[PDB]
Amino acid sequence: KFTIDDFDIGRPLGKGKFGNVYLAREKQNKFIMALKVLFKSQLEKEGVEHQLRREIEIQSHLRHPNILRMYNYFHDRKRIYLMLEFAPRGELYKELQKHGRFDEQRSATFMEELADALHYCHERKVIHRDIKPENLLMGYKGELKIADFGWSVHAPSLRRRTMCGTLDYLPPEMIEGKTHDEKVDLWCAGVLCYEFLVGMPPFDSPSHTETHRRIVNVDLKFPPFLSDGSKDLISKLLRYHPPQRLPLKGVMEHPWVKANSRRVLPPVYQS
């Protein structure tokens, strides 16, 4: 098992509510990763122990080029340490804010990567439930990495009831108090594509009840600068009825995605 002394600590990458993330180098392989450090007493006081256990259980069993890898984890007297893949280009949300909006090539590439990662999850009956820019990181070549699994669930048989995620990204079925399934991630993917291309989510409103109202009416108003292809894809994802939403394989196969994505798979080991 690992110990904190097995790592050179480089610098803090981000502050957290329960502990910081550090750029770290594993000493024996001189391998650069991120170390998320969590305080045991703070987690216990806040009563989020089973919550954290669930996030670790899900993320540590996922292996996909577009999902941030959790290599392993360890603990000592006071701290829990998560050994995470380092995403050299950082937060996707920072990049979106910096540019205002992404061009079609950038957005289509992200969408292919997202759809592939989400397909991998759904194949395993994992629903993410909180796809938004803030939960995505970027790799060495700008590849999307799903980073955060805080609202995620393994749902093999039972439909779900928990209202979760983020206001602007909530699907109609969550707002209306219906049961939901994996198709919530299809909805969020459509909101994400819109936000990528426009720089604001589609149902943006001054109040939570107006936002709710716009979502359940699917009050989608496309800006004039969007291509027909991008609107086609967004429209096919943002369907009121979950069963009518374009499947993830359908996103990957969509002609706008095919025509615009410049997705590159990272090099793999390497026998």
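So that the term is clear: the rigid core is the largest set of C-alpha atoms that superpose within 1.5 Å between two forms. Don't overthink the numbering: it's just position in the shown sequence, from 1.
task = Compare 45-53 with 202-210 and report which one shows the larger root mean square C-alpha deviation from this form in 6 other deposited structures of this protein once the rigid core is superposed.
result = It is 45-53 whose C-alphas lie farther from the shown form in 6 other deposited structures of this protein.
message = Between 231-239 and 57-65, which has its CA atoms farther from the current form in 6 other deposited structures of this protein, using a rigid core superposition?
response = Farther on average in 6 other deposited structures of this protein: 57-65.
request  = Mind pulling up the entry and telling me whether 185-193 or 88-96 has the higher mean Cα temperature factor?
outcome  = The stretch with the larger mean CA B-factor is 88-96.
inquiry  = Mean Cα B factor from the PDB record: higher for 163-171, or higher for 128-136?
reply    = Higher mean C-alpha B-factor: 163-171.
ask   = For the listed residues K236, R53, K36, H241, which one has the largest C-alpha B-factor as given in the deposited model?
value = Top of the list by C-alpha B-factor: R53.
query = Which one, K249, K15, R263, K258, has the peak C-alpha temperature factor per the PDB entry?
reply = Going by the entry's C-alpha B-factors, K15 comes out highest.
ask   = In terms of the chain's CA B-factor thirds, is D228 lowest, middle or highest?
value = Tercile = middle for this residue's CA B-factor.
task = State the tercile, meaning the lowest, middle or highest third, of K30 with respect to the CA B-factors recorded for its chain.
result = As the PDB entry reports it, the C-alpha B-factor of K30 lands in the highest third of its chain.
query = Where does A108 sit by CA temperature factor within its chain: lowest, middle or highest third?
reply = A108: CA B-factor falls in the lowest third of its chain.
request  = Please rank the C-alpha B-factors of the chain's modelled residues and tell me whether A117 sits in the lowest, middle or highest third.
outcome  = As the PDB entry reports it, the C-alpha B-factor of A117 lands in the lowest third of its chain.
task = Please place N66 in the lowest, middle or highest third of its chain by C-alpha B factor as given in the entry.
result = Its C-alpha B-factor belongs to the lowest third of this chain's values.
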